[PDB]
Asks: 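Pasting a structure below so you can have a look.
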Amino acid sequence: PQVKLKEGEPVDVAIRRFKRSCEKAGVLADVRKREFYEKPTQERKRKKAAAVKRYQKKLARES
Amino acid sequence: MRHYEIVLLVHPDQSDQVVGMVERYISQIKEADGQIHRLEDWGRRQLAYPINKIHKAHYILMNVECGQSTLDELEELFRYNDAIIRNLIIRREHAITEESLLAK
Amino acid sequence: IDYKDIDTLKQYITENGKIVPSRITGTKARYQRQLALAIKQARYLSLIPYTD
Amino acid sequence: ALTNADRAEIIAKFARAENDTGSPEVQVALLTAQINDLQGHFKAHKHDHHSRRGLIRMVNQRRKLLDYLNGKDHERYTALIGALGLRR
Amino acid sequence: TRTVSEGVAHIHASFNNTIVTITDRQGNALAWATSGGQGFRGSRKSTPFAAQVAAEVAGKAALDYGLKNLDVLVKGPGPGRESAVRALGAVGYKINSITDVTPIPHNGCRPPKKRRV
RNA sequence: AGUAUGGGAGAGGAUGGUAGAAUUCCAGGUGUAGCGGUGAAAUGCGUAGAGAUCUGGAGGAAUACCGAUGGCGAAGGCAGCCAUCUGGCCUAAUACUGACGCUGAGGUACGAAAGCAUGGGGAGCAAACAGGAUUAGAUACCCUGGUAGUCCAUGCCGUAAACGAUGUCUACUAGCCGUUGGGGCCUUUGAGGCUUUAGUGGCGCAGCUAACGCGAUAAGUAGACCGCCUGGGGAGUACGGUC
Ligand SMILES: [Mg+2]
Ligand SMILES: [Mg+2]
Ligand SMILES: [Mg+2]
Ligand SMILES: [Mg+2]
Ligand SMILES: [Mg+2]
Ligand SMILES: [Mg+2]
Ligand SMILES: [Mg+2]
Ligand SMILES: [Mg+2]
Ligand SMILES: [Mg+2]
């Protein structure tokens, strides 16, 4: 991130730009993942569901 | 024999010795038999992150052809030489003799 | 793609240092694996940062 | 591992005719060389189960080829087993 | 007593509590505050407002050292990370930079079990 | 069906080394009242100084991002990077052997997790267990701790919803759209368009089916061999036998 400030940038706008930087980075997502241990079977099922949904979305876009 | 690419990182304090060490390695390789296809000195470069509280080191590149016994000797020398901080050895197919990038 | 070609290697690394996926960069499957291996080798050689 | 020169030598030693690379004698000799070479590897890696399957496959292929040679002509079979040093 | 122009504010936000500390460069501490420290004991600790009051009190305490520009480091999820920086800016400080320093393992230790609630 | 020679992709297996991030613990610098946790609390930790922050060390385990309806493997299963040993697969054209093939009762080898034996190691997690809560009761669900175990070496044990709930091999039977590793042909604006092949996905005609659905990766049309079923319980249980 390292959101350096301009000479006259408002602090609120700076915090808004920092929020965009962090949201693009996706740091909070990994922290959310790390809270609990997920079993390999559950991870497999989740990834399978995600892939199926992505394929259906792409087909819908193509149609 | 086989072709190996070697990259060496040398402590800056021992920079003046680099010419001697590479010469000794080449002498050993040639005495065994050896075929030194490439030798490059990238120069003293800054490290993207510190290693043993060192912020910069000397970078050396070599492309050689030698046998298993030699490879073992060079590996042992690199491990037990305190001037060297990190070495990468890669098996390669065919020999690279062209001028490489980062050689400026 | 070789580990010594940092100018090109950097075009597929984010500011945080993470490797950009193939989806966003449009590269091919075979190219992506070589590029990831080269980035890992460059990280080991302390030529590019692991993180930050 | 064996080299191209070694395989060429075995084929030269066991070839019935020119360009003969498909004869049972040549095939069995090549398999025997490969097996006796792999014995050394399996001496140092006892728990490499995945390679032992290929080794067993080589053994089975040699057995089938030897049986075919025995069924077709006994004299060639006896000569081959004698040359290669195999009990049966 | 000692006067330092430059300082850093660490915001250790969590789902249960927010801790705001002010240190100098090289990490020596000057002042600190917490939601539990300033009333709000209970579930209201995690609310952003308590983060704002903690940041205000921490900044007022740190002003004695005469620092007017401070860097910002933020670590952890949960509310209060934004309110703390907003309060620090409002108090009169100048925020030079804001960065996230939340630690990410590269698949190290096993996390605790999931709660069946 | 098999063999020799040129190329290609791959978390296929075994052994050793090495890098970064993070957690725990231990010492040191600043510093003062809380930290932690829950629906809410409480146990627990803290003025012999916690938490937070910075500096230096010990040790164990696993490899973020790339990552994919992706890849490899007979199955079980395989994830950072490097070296050594090693199995299989795909692909081009030549040159060979000449049915050398498919299946397979007994038998034999492999075989997740848990558990067992001897000797090591032990960060985090965690059966048992201890305390704090909720409750009419709480032997549990929630919270604070925590032993075996999870890890390494050498063996044993032979089990799973070990699942596609679909044995192996062979030939044939409308099409349409993806993706992975290769072969061939044509365009030019340096990457695209057609075919072909071996995998891996989504639809769908005919056909099949109690229906749901399957549909060139068949549960369609045919052939070879094997395993298994005959109402629900009693019961994968008793006796005998082998391990
Ligand atoms: Mg081992
Ligand atoms: Mg908890
Ligand atoms: Mg069979
Ligand atoms: Mg049987
Ligand atoms: Mg517990
Ligand atoms: Mg066993
Ligand atoms: Mg069974
Ligand atoms: Mg079954
Ligand atoms: Mg029984």
Side-chain angles (χ1 to χ4, degrees), chain A residues 26 30 33-34 37 47-48 51-52 54-56 58-59 62, chain B residues 4 49 51 68 71-72 75 79 86-91, chain C residues 12-14 16-23 29-30 32-33 35-37 39-41 43-44 46 50-51, chain D residues 1 4 7-8 11 15-27 30 38 40-42 44-57 61 64-65 67-69 71-72, chain E residues 8 10 12 14 16-17 19-32 34 36-37 42-43 73 103-113 115-117:
Chain A
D30 295 271
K33 305 282 185 174
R34 282 289 198 305
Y37 169 88
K47 289 200 163 163
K48 164 76 125 55
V52 167
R54 285 199 280 93
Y55 192 73
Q56 299 293 40
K58 187 177 69 170
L59 287 173
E62 247 107 75
Chain B
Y4 302 98
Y49 60 79
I51 305 157
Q68 190 73 17
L71 194 70
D72 290 7
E75 227 300 314
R79 214 201 299 271
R86 207 143 304 167
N87 46 71
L88 188 56
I89 287 170
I90 299 299
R91 171 114 178 263
Chain C
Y12 302 85
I13 312 182
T14 76
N16 201 131
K18 275 151 91 183
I19 311 171
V20 185
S22 211
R23 308 185 329 274
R30 179 73 182 121
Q32 182 76 17
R33 301 196 297 274
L35 163 150
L37 177 63
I39 277 147
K40 295 169 164 88
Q41 280 162 342
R43 288 171 169 166
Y44 173 79
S46 208
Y50 265 95
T51 41
Chain D
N4 268 3
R7 298 177 211 109
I11 305 173
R16 314 261 307 148
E18 95 174 327
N19 309 334
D20 179 42
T21 60
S23 169
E25 283 93 338
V26 164
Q27 289 188 28
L30 277 175
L38 272 169
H41 156 80
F42 288 99
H45 303 275
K46 194 30 69 163
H47 298 284
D48 185 16
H49 306 318
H50 286 57
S51 304
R52 217 181 280 279
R53 189 160 153 274
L55 165 67
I56 295 292
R57 198 214 88 259
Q61 172 96 267
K64 296 199 229 196
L65 291 152
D67 289 341
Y68 167 78
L69 189 60
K72 262 248 159 168
Chain E
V8 314
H10 309 237
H12 183 308
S14 100
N16 280 337
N17 185 349
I19 292 132
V20 186
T21 177
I22 296 282
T23 51
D24 81 330
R25 297 158 89 268
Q26 298 79 260
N28 291 27
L30 309 182
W32 61 267
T34 325
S43 316
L73 299 179
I104 294 319
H106 298 355
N107 277 20
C109 289
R110 179 180 179 115
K113 73 157 101 173
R115 311 167 72 232
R116 308 187 291 284
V117 283

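Lettering follows sequence order; numbering is per chain, from 1.
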Asks: Closer than 3.5 angstrom, by distance alone: can the side chain of E:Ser14 be matched with the main-chain N or O of E:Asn16 as a donor-acceptor pair?
Replies: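 Checked: pair present.
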Asks: What is the nucleic acid contact for B:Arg79, judged by heavy atoms within less than 4.0 Å: base, sugar-phosphate only, or nothing?
Replies: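 Touches sugar-phosphate only.
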Asks: Report the base-pairing partner of F:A75 (Watson-Crick or G-U wobble, both distances below 3.5 angstrom), or none.
Replies: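 Partner of F:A75: none.
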Asks: What distance, rounded to whole Å, do you find between the two P atoms, one in F:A61 and one in F:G122?
Replies: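 The answer is 9 Å between these two P atoms.
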Asks: Expressed as a whole number of Å, how far does the P atom of F:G59 sit from that of F:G115?
Replies: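 Those two atoms are separated by 29 Å.
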Asks: Looking at C:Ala36, is its backbone amide N or carbonyl O close enough to the side chain of C:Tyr12 to form a donor-acceptor pair, meaning the two atoms are under 3.5 Å apart?
Replies: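 Pair absent, no side-chain N/O of C:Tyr12 close to backbone of C:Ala36.
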Asks: Does F:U38 adopt a syn or an anti glycosidic conformation, taking syn as a chi angle within 90° of 0?
Replies: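 Judged by the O4'-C1' to base torsion, F:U38 sits in anti, the angle falling more than 90° away from 0.
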Asks: Quick one: look up who F:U154 pairs with, Watson-Crick or G-U, both distances under 3.5 Å, and put none if it's unpaired.
Replies: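 Paired with F:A117.
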Asks: Going by purine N1 to pyrimidine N3 plus the second Watson-Crick contact, or the G-U wobble pair, all under 3.5 Å, which nucleotide sits opposite F:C228?
Replies: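 Its partner is none (no Watson-Crick or G-U wobble pair with both distances under 3.5 Å).
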Asks: Answer yes or no: is there a donor N or O on one side and an acceptor on the other, between the side chain of D:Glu25 and the main chain of D:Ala15, under 3.5 Å?
Replies: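 No, the answer is negative, given that no donor and acceptor are paired below the 3.5 Å cut-off.
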Asks: Based on the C1'-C2'-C3'-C4' dihedral, does F:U97 have a north or a south sugar?
Replies: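 Judging by the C1'-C2'-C3'-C4' torsion, which comes out positive, the sugar of F:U97 sits north.
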Asks: Taking the P atom of each, how far is F:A127 from F:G181, in whole Å?
Replies: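 My reading of the P atoms in F:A127 and F:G181 gives 45 Å.
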Asks: Ring centres of F:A33 and F:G34 closer than 5.5 Å, with planes less than 30° apart?
Replies: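 In short, no, the neighbouring bases do not stack by the stated criterion.
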Asks: Test if F:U150 is paired with F:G124, treating Watson-Crick and G-U wobble as valid and requiring both distances under 3.5 Å.
Replies: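 Yes, F:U150 pairs with F:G124, since both Watson-Crick or G-U wobble distances fall under 3.5 Å.
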Asks: With rounding to whole Å, what would you report as the distance between F:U55 and F:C35 at their P atoms?
Replies: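 Per the computed distance, 25 Å lies between those P atoms.
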Asks: Taking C1'-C2'-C3'-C4' as the guide, is F:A22 a north (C3'-endo side) or a south (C2'-endo side) sugar?
Replies: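 By the sign criterion, F:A22 is north.
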Asks: Classify the sugar of F:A79 as north or south, using the sign of the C1'-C2'-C3'-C4' torsion: positive means north, negative means south.
Replies: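 That sugar belongs to the south family, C2'-endo side.
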Asks: When the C1'-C2'-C3'-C4' sign is the only test used, does the sugar of F:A218 come out north or south?
Replies: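 South, since the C1'-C2'-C3'-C4' torsion of F:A218 has a negative sign.
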Asks: What's the gap between F:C89 and F:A74 when it is taken at their P atoms, as a whole Å value?
Replies: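 Rounded to whole Å, the distance is 8 Å.
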Asks: Mark yes when both conditions hold for F:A79 and F:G80 (six-membered ring centres under 5.5 angstrom, interplanar angle under 30 degrees), and no otherwise.
Replies: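 When the rule is applied to F:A79 and its neighbour F:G80, the answer comes out as no.
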Asks: How is E:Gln26 classified with respect to the nucleic acid when contacts are heavy atoms under 4.0 Å: base, sugar-phosphate, or nothing?
Replies: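 Since only primed, P, OP1 and OP2 atoms lie under 4.0 Å of E:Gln26, the category is sugar-phosphate.
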Asks: Would you mind classifying the nucleic acid contact of D:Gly22 as base, sugar-phosphate or nothing, using non-hydrogen atoms under 4.0 angstrom?
Replies: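 The residue D:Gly22 makes base contact.
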Asks: Read from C1'-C2'-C3'-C4', is the pucker at F:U63 north or south?
Replies: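 South.
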Asks: Verify, without hydrogens or angle tests, whether D:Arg52 (side chain) and D:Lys46 (backbone) share a donor-acceptor contact under 3.5 angstrom.
Replies: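 Flag set: sc D:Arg52 to bb D:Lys46 pair under 3.5 Å.
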Asks: What is the first contacted nucleotide of RNA chain F and what is the last, in 5' to 3' order, if contact means an atom lying under 4.0 angstrom from a heavy atom of chain D?
Replies: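 Nucleotide range with atoms under 4.0 Å of chain D: F:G2 to F:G155.
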Asks: With a non-hydrogen cut-off below 4.0 angstrom, is D:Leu30 in contact with a base, only sugar-phosphate, or nothing?
Replies: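 Counting heavy atoms under 4.0 Å across all strands, the contact made by D:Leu30 is with sugar-phosphate only.
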Asks: By the 4.0 Å heavy-atom rule, please label D:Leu55 as base, sugar-phosphate, or nothing.
Replies: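 Here D:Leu55 touches no strand at all.
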Asks: Let me spell it out: for each of C:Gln32 and E:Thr23, pick the nucleotide of RNA chain F with the closest heavy atom. Which residue's pick is nearer the 5' end?
Replies: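 It is E:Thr23, whose closest nucleotide lies nearer the 5' terminus.
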Asks: Contact class for D:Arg16 vs. all strands (heavy atom < 4.0 Å): base, sugar-phosphate, or nothing?
Replies: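 Result for D:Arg16 = nothing.
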Asks: Indicate yes if the six-membered rings of F:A11 and F:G12 are centred less than 5.5 Å apart and inclined by less than 30°, otherwise no.
Replies: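 Stacking test on this dinucleotide step: no.
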Asks: Do D:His49 and D:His47 touch side chain to side chain, with heavy atoms closer than 4.5 Å?
Replies: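 Yes - at least one pair of side-chain heavy atoms lies under 4.5 Å apart.
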Asks: Classify A:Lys48 by what it touches in the nucleic acid, base, sugar-phosphate, or nothing, heavy-atom distance under 4.0 Å.
Replies: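 The residue A:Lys48 makes no contact with any strand.
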Asks: Could you check whether E:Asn17 gets within reach of a base, just the sugar-phosphate, or nothing at all, counting any heavy atom under 4.0 Å?
Replies: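 The residue E:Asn17 makes sugar-phosphate contact but no base contact.
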Asks: Would F:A218 be called syn or anti here, given the cut-off of 90° from 0?
Replies: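 F:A218: syn glycosidic orientation.
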Asks: Categorize A:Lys58 for me: base, sugar-phosphate, or nothing, with a 4.0 angstrom heavy-atom threshold over every strand shown.
Replies: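 Touches sugar-phosphate only.
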Asks: Glycosidic conformation of F:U94, syn or anti, with 90° from 0 as the boundary?
Replies: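 It is anti.
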Asks: Whether the E:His12 and E:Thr21 side chains hold a donor-acceptor pair (N or O, under 3.5 Å, no angle test) is what I'd like checked.
Replies: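 The criterion, which ignores hydrogens and geometry beyond distance, is not satisfied for E:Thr21 and E:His12.
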Asks: For B:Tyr4, answer base if it contacts any base atom (sugar-phosphate contacts may also be present), sugar-phosphate if it contacts only those atoms, and nothing otherwise; contact means non-hydrogen atoms under 4.0 Å.
Replies: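 Here B:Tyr4 touches the backbone only, sparing every base.
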Asks: With both distances under 3.5 angstrom, what nucleotide forms a Watson-Crick or G-U wobble pair with F:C81?
Replies: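 WC or wobble partner is F:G17.
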Asks: Would you say the bases of F:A219 and F:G220 stack, taking the criterion to be ring centres below 5.5 Å apart together with planes below 30 degrees?
Replies: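 No, F:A219 and F:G220 do not stack on each other.
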Asks: Paired with F:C169 by Watson-Crick or G-U wobble geometry, both distances under 3.5 Å: which nucleotide is it?
Replies: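 Its partner is F:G223 (Watson-Crick or G-U wobble, both distances under 3.5 Å).
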Asks: Paired with F:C239: which nucleotide, if any, by Watson-Crick or G-U wobble criteria at under 3.5 Å for both distances?
Replies: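 Checking every strand shown, F:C239 finds no partner, since no pair has both distances under 3.5 Å.
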Asks: Both C:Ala29 and D:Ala1 contact RNA chain F. Which one's nearest nucleotide lies toward the 5' end?
Replies: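 Its nucleotide being nearer the 5' end, the pick is D:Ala1.
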Asks: How is C:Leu35 classified with respect to the nucleic acid when contacts are heavy atoms under 4.0 Å: base, sugar-phosphate, or nothing?
Replies: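 C:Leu35: no heavy atom of the nucleic acid under 4.0 Å.
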Asks: Would you classify B:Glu75 as touching base, sugar-phosphate or nothing, given that sugar-phosphate means primed atoms plus P, OP1 and OP2, and contacts are heavy atoms under 4.0 Å?
Replies: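 The residue B:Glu75 makes no contact with any strand.
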Asks: Give me the bend of the helix from F:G175-F:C203 to F:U187-F:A191, using the axes of the five pairs at each end, rounded to 10°.
Replies: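 Here the helix ends are tilted 10° relative to one another.
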Asks: Given Watson-Crick or G-U wobble geometry and both distances below 3.5 Å as the test, should F:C125 and F:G149 count as paired?
Replies: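 Yes, F:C125 pairs with F:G149, since both Watson-Crick or G-U wobble distances fall under 3.5 Å.
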Asks: Please indicate whether F:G34 is base-paired to F:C45 in either the Watson-Crick or the G-U wobble sense, using a 3.5 Å limit on both distances.
Replies: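 Both donor-acceptor distances below 3.5 Å, so yes.
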Asks: Can you tell me the pairing partner of F:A50 across any strand shown, Watson-Crick or G-U wobble, with both distances under 3.5 angstrom?
Replies: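 For F:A50, the partner nucleotide comes out as none, under the 3.5 Å rule.
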Asks: Thinking salt bridges, do A:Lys58 and A:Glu62 make one under a 4.0 Å N-O criterion?
Replies: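 Salt bridge absent between A:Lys58 and A:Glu62.
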Asks: Would you say the side-chain atoms of A:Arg34 pair up with the backbone N or O of E:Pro105, donor to acceptor, closer than 3.5 Å?
Replies: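 At least one qualifying donor-acceptor pair exists.
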Asks: In whole Å, measure the gap between the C1' atoms of F:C185 and F:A95 for me.
Replies: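 The same atom, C1', in both gives a distance of 28 Å.
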Asks: Centres under 5.5 Å and planes under 30° for the six-membered rings of F:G46 and F:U47?
Replies: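 The answer is no; the two bases are not stacked.
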Asks: In whole angstrom, give me the gap between the P atoms of F:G13 and F:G101.
Replies: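 It works out to 31 Å between them.
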Asks: Is there a Watson-Crick or G-U wobble pair formed by F:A58 and F:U24, both distances less than 3.5 Å?
Replies: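 Yes, F:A58 pairs with F:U24, since both Watson-Crick or G-U wobble distances fall under 3.5 Å.
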Asks: Could you check if F:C157 and F:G231 make a Watson-Crick or G-U wobble pair, where both distances must be under 3.5 Å?
Replies: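 When the criterion is applied, F:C157 and F:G231 do not count as a base pair.
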Asks: Using the P atom as the reference point in each nucleotide, state the distance between F:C212 and F:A114 in Å, no decimals.
Replies: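 After rounding to an integer number of Å, I get 44 Å for this pair.
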Asks: Base, sugar-phosphate, or nothing: which does B:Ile89 touch, judged by heavy atoms less than 4.0 Å apart?
Replies: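 Answer is sugar-phosphate: B:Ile89 comes under 4.0 Å of backbone atoms only.
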Asks: Would you mind classifying the nucleic acid contact of D:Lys64 as base, sugar-phosphate or nothing, using non-hydrogen atoms under 4.0 angstrom?
Replies: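 Since only primed, P, OP1 and OP2 atoms lie under 4.0 Å of D:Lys64, the category is sugar-phosphate.
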Asks: With both distances under 3.5 angstrom, what nucleotide forms a Watson-Crick or G-U wobble pair with F:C89?
Replies: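 For F:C89, the partner nucleotide comes out as F:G8, under the 3.5 Å rule.
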Asks: With syn defined as a glycosidic angle within 90° of 0 and anti as the rest, where does F:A114 land?
Replies: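 With its glycosidic angle more than 90° from zero, F:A114 counts as anti.
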